[PDB]
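Novice: Test case, fold it:
(chains A, B, C, D and E)
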Amino acid sequence: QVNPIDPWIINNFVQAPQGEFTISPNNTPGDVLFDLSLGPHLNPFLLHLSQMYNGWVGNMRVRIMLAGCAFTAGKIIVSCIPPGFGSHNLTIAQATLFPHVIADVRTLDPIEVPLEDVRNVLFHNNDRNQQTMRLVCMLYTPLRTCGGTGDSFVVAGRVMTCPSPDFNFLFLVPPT
Amino acid sequence: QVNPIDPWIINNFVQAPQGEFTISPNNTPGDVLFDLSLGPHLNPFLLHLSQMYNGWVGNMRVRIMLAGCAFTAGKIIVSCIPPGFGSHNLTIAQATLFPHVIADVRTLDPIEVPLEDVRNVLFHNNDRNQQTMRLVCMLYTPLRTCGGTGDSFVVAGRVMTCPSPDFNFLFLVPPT
Amino acid sequence: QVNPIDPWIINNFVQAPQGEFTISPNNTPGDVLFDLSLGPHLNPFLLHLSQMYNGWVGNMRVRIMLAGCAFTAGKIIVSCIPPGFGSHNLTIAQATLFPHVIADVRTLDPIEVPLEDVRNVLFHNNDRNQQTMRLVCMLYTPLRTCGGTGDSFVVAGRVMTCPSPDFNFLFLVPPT
Amino acid sequence: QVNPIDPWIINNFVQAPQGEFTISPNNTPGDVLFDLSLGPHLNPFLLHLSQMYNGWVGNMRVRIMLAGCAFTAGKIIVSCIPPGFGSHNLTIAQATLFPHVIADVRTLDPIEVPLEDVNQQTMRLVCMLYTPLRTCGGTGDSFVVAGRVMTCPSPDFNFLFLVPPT
Amino acid sequence: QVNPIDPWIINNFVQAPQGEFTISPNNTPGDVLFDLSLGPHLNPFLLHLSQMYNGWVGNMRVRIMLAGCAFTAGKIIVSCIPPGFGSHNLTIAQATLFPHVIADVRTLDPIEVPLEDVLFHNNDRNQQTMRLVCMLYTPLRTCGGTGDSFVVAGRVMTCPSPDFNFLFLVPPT
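Specialist: Residues are numbered from 1 along each chain as shown, chains lettered A, B, ... in the order given. Okay, here it is:
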């Protein structure tokens, strides 16, 4: 068994670039906040390291934080839609059918998506979009300020990620 | 033993169609918010599958979320009234006598009804209303905004459901 | 084995001098709130005692409290940057890469930084800045009052510290 | 404790950048033509680690290949001088004091430079033209001897500290 | 189950078409000599057998013969390019990162390139296949009587491996 991933990395979560999303009171329910394709490029670590290899296996945990104050109430649905289903047919009711975790903007704790569907990972080359299991978040419930004159408020949100302990790389490639 | 239900389904909760209910400050206490008859048709899954069969046995867990912000205080009573008792005689005090769970609109966590009364399920054909153990929710306590000028606020609520591990189907029928 | 540190000290946390920092709504995200170099001088205890010795080994736990009321939402990043990386290149995204713990201003509980990286401590003389593993805190998320007319509010914060059970002193020196 | 570097590097060699040196006939004896700092940056893969990681411990095994017609006569002197002593004022004789090996430009088998078993001011390594190169019957001054170097890390290399990529 | 190809082909080697490459002293190091993609088309016998079998499995042993006298001094490096990485700007410095074999122009006996052991592949143009390419590692310099142009000629031939076999039968097209 070969594991070139530092044990510290798997035990810590690091913010992913382009993982910053904002929720506004004018966002209609069901609107797509952020649609980031799960992959090693999310973590700043394993992006530099991934240049060594081309094929990778396993999953990667993702957790999201909502920096939302009280007086604003709403729910955000996070669904890991399998590839190919992304189209206008997607709706709030249908989103929950895929694996998901319900989150409240008022929560003061990180939310962890249950992306444990290893389903016997086959292969993932870093040159194709095939089987890029995407993550999409939508405003499950309309956002209201409860008459707190806080219309000019945006619920800032950030997403971190850490590699799974089963993560590994197969083939070596020279750095580009 | 035959269990044609995916183990993932029983381990996950999915929103039920027509399971969206709203609570308004003008709702008098004891008003019926939603009265949905428990059955396989609640879950989007087991509705397509139920077309195969006609008779089903077992119970199905139901949990409700209240997307309510602070500054509004109230309580909602959920009672699984046995069939035949639905009439004007029903009142807030009498509702709690049946199995129930008390919920607070300010709660930030899902509420699970204790619908564990298997009581040796007899049979349930999908052509009759007999023994359709209904679920009714009422405003246990009057809703007040605590002078937060949030009168134009509605506590959005959604209900999910998952099949019980004991759920099963008896007889096969061709799809319609 | 010689341990001249009182067992009570390691089991209790004491406020550190100059460990008071304030967060204002005008603080732009990424601004450095406080940058205190970890060392025995943080704790009022072990400062008088450190006069006896010159070299010390081990780490020291640090926890921070945020005396912040509701209606204000924000996140503060605490990163123990290794020495030599302090410069303009530091940014919010890069800060999380080092060991860190995410904190919410609304939290009502002390936050403990995971400064468990003993990494086989080598030596630390009390006359040089070498390997003075610093602690830096930055406003991870912009601070907003949610229209609560609380602009004239500052989130007071204090930091305590206790010596680790592995803390020890090597060489004796006369008091100065 | 863990070994981030893949074992494939341990059992195989790879050329290093700036390791191109040609023993031109118009070169005075003792002239410097191949100077390396003996650091992790030599191996292309190891250079990649230094971008991410900070602390490195261990040693490599430097291997040198020479292209020889089996006719031209010449020798190269390799001496891994300790850090600090190295400077411009370093005659060929002085380098002979430190550990060294003598190689012939006509040697088919590459020479394995001996390195003592073991960061800043690291141990250095320099090479000079011990003996001038002559065709000896080639009647041509355009001929040159190509030289390539590849460093393979020893099976004890590892890192200590963690740093964001830069 | 039953290997169709006769054992005679296995015991010998066949020159693949367009397997001829030329090395000249005036050719500076940095220009590729020949690009090869492993497949049944390399062996003419296997090329005609593709009609009877759409799917082929196994590997092929590839050997290279280089002709030259004892005066020349040069080295030839054979580099393995993983699929999907080939680029126009393929210099020699990074060409040795992949597994390779060291060879010289003064060799007499043929040198066998080490091929990694290894899934059924259809007859379509599936780019996923082990690619082979050689690069002029060092310049070819003559140490004799100033040869104006001593063209070093080499030939590449491959034969089916013992494990090579066809699994799916398809009538000839």
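Novice: pretty sure residue A:53 is touching residue A:171, no?
Specialist: Yes: taking contact to mean Cβ atoms under 8 Å, the distance of 5.9 Å between residue A:53 and residue A:171 places them in contact. C-beta: built from backbone N, CA, C; applies to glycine.
Novice: Give me the more crowded residue out of these two.
Specialist: Between residue A:53 and residue A:171, counted using other Cβ atoms under 10 Å in any protein chain shown, the more crowded position is residue A:53 (19 against 12).
Novice: Show the contacting residues for the more buried one.
Specialist: Counting by Cβ atoms under 8 Å, 6 or more residues apart in numbering or on different chains, residue A:53 touches A:126, A:169-173.
Novice: Quick check: strands, which of those residues are part of them?
Specialist: Within those, membership in strands is found for residue A:169, as judged by DSSP state E.
Novice: Filter the contacts of residue A:53 down to the buried ones.
Specialist: Among the contacts of residue A:53, those classed as buried by neighbour count (16 or more other Cβ atoms under 10 Å in any protein chain shown) are A:169, A:172-173.
Novice: Return only those of the residues you listed found close to chain D.
Specialist: Near chain D, judged by Cβ under 8 Å from any Cβ of the partner chain, the entries from these are residue A:172.
Novice: could the buried ones among the contacts of residue A:53 go into a markdown table alongside distance to chain E?
Specialist: Putting the buried ones among the contacts of residue A:53 into a markdown table (distance: Cβ to the nearest Cβ, whole Å) gives the following:
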| residue | distance to chain E |
| --- | --- |
| A:169 | 13 |
| A:172 | 9 |
| A:173 | 6 |
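Novice: Among the buried ones among the contacts of residue A:53, which one sits closest to residue C:165?
Specialist: Taking Cβ to Cβ as the measure, residue C:165 sits nearest to residue A:169 out of the buried ones among the contacts of residue A:53, at 38.9 Å.
Novice: Okay, that closest one and residue A:137: tell me how far apart.
Specialist: 29 Å (Cβ to Cβ, to the nearest Å).
Novice: got it, and residue A:38?
Specialist: Computed as Cβ to Cβ, the residue A:38 to residue A:137 distance reads 13 Å.
Novice: Looking at these two, which has the bigger crowd around it?
Specialist: Just comparing residue A:38 and residue A:137: by other Cβ under 10 Å the higher neighbour count belongs to residue A:137, 24 against 18.
Novice: Residue A:33 is in contact with the more buried one, correct?
Specialist: Yes: using Cβ under 8 Å, residue A:137 is in contact with residue A:33, at 4.7 Å.
Novice: Over in chain A, which residue gets nearest chain D? Let me know.
Specialist: Scanning chain A for the residue nearest chain D gives residue A:48, at 4.0 Å (criterion: Cβ to the nearest Cβ).
Novice: Tell me if I am right that that residue is in a strand.
Specialist: No: assignment of residue A:48 by DSSP: H, G, I helix; E, B strand; the rest coil gives helix, placing it outside any strand.
Novice: Could you list which residues are in contact with it?
Specialist: When contacts are counted by Cβ under 8 Å, 6+ apart, residue A:48 touches D:48, D:51-52, D:165.
Novice: Kindly report the same for residue A:124.
Specialist: For residue A:124, the contacting residues are A:39, A:55-57, A:131, by Cβ under 8 Å, 6+ apart.
Novice: Please identify which two of the contacts of residue A:53 are farthest apart in space.
Specialist: Distance extremes for the contacts of residue A:53: the farthest pair is A:126 and A:172 at 12.9 Å, using Cβ to Cβ.
Novice: What residues does chain A have near chain E?
Specialist: Contacts of chain A with chain E, taken as Cβ under 8 Å from any Cβ, map to A:54, A:125, A:127, A:171, A:173-174.
Novice: how does it look with 7 Å?
Specialist: For chain A, the contact set with chain E under Cβ under 7 Å from any Cβ of the partner chain comprises A:54, A:127, A:171, A:173-174.
Novice: Reformat the residues you listed as CSV; add distance to chain C.
Specialist: What follows is the residues of chain A next to chain E, written out as CSV (distance: Cβ to the nearest Cβ, whole Å):
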residue, distance to chain C
A:54, 24
A:127, 26
A:171, 27
A:173, 24
A:174, 25
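Novice: Return the member of the residues you listed nearest to chain E.
Specialist: residue A:174 (3.6 Å).
Novice: Please name the nearest non-neighbouring residue to the closest one.
Specialist: Ranked by Cβ to Cβ, 6 or more residues apart in numbering or on different chains and with sequence neighbours excluded, the top spatial neighbour of residue A:174 is residue E:97, at 3.6 Å.
Novice: show me what contacts the closest residue to chain C within chain A?
Specialist: Of the residues in chain A, the one nearest chain C is residue A:69, at a distance of 3.2 Å by Cβ to the nearest Cβ. Applying Cβ atoms under 7 Å, 6 or more residues apart in numbering or on different chains, we find residue A:69 in contact with C:70-73, C:106, C:146.
Novice: Likewise for residue A:30?
Specialist: A:91-92, A:138-139.
Novice: Try it again at 10 Å.
Specialist: In this structure, residue A:30 makes contact with A:77, A:90-93, A:95, A:138-140, A:142, judged by Cβ atoms under 10 Å, 6 or more residues apart in numbering or on different chains.
Novice: Can you tell me which of those residues are buried?
Specialist: Among the contacts of residue A:30, those that count as buried by neighbour count (16+ other Cβ under 10 Å) are A:77, A:90, A:92-93, A:95, A:138-140, A:142.
Novice: secondary structure class for residue A:36?
Specialist: Reduced to three states with three-state DSSP, the structure at residue A:36 is strand.
Novice: Spit out the contact partners of it.
Specialist: For residue A:36, the contact set (Cβ under 10 Å, 6+ apart) comprises A:16-19, A:21, A:42, A:62, A:134-137, A:159, A:161.
Novice: can you pull out the strands in chain A?
Specialist: A:14-23, A:32-37, A:56-57, A:60-67, A:75-79, A:100-104, A:111-112, A:134-139, A:155-163, A:168-169.
Novice: tell me which strands and helices the longest one is in contact with?
Specialist: Going back to what we said before, that points to strand A:14-23. The criterion is 3 or more Cβ pairs under 10 Å, 6 or more residues apart in numbering or on different chains; DSSP states H and E, and the helices and strands that strand A:14-23 contacts are strand A:32-37, strand A:60-67, strand A:134-139, strand A:155-163, helix C:92-95, strand C:100-104.
Novice: In its sheet, which strands sit next to that strand, and in what direction?
Specialist: Paired with strand A:14-23 in the same sheet, following DSSP bridges, are strand A:155-163 (antiparallel).
Novice: One more: the fifth one?
Specialist: Paired neighbours of strand A:75-79 in the sheet (DSSP bridges): strand A:100-104 (antiparallel), strand A:134-139 (antiparallel).
Novice: Extract the CA atoms of the last one and return them as CSV.
Specialist: Output for strand A:134-139, consisting of C-alpha atoms alone and laid out as CSV, is shown next (Å, rounded to 0.1, in the frame of the first residue of the first chain):
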residue,chain,number,x,y,z
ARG,A,134,-21.2,17.8,-9.2
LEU,A,135,-22.4,19.6,-6.1
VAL,A,136,-25.3,22.1,-6.4
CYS,A,137,-26.8,24.2,-3.7
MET,A,138,-30.2,25.9,-3.9
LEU,A,139,-32.4,28.1,-1.7
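Novice: Quick one: work out the angle between that strand and strand A:32-37.
Specialist: Using axes from the mean of the first three to the mean of the last three Cα atoms, to 10 degrees, one finds that strand A:134-139 and strand A:32-37 are set 170 degrees apart in direction.
Novice: from the middle of its chain, how far away would strand A:134-139 be?
Specialist: Centroid separation between strand A:134-139 and its chain, computed with Cα atoms, centre = their mean, to the nearest Å, is 8 Å.
Novice: Same question for the shortest one.
Specialist: On the basis of Cα atoms, centre = their mean, strand A:100-104 sits 12 Å off its chain's mean C-alpha point.
Novice: So which bits of stretch A:78-98 are buried?
Specialist: So, applying 16+ other Cβ under 10 Å, buried residues of stretch A:78-98: A:78-81, A:90, A:92-93, A:95-98.
Novice: how long is it from one end to the other?
Specialist: This stretch, stretch A:78-98, spans 9 Å end to end (Cα to Cα, to the nearest Å).
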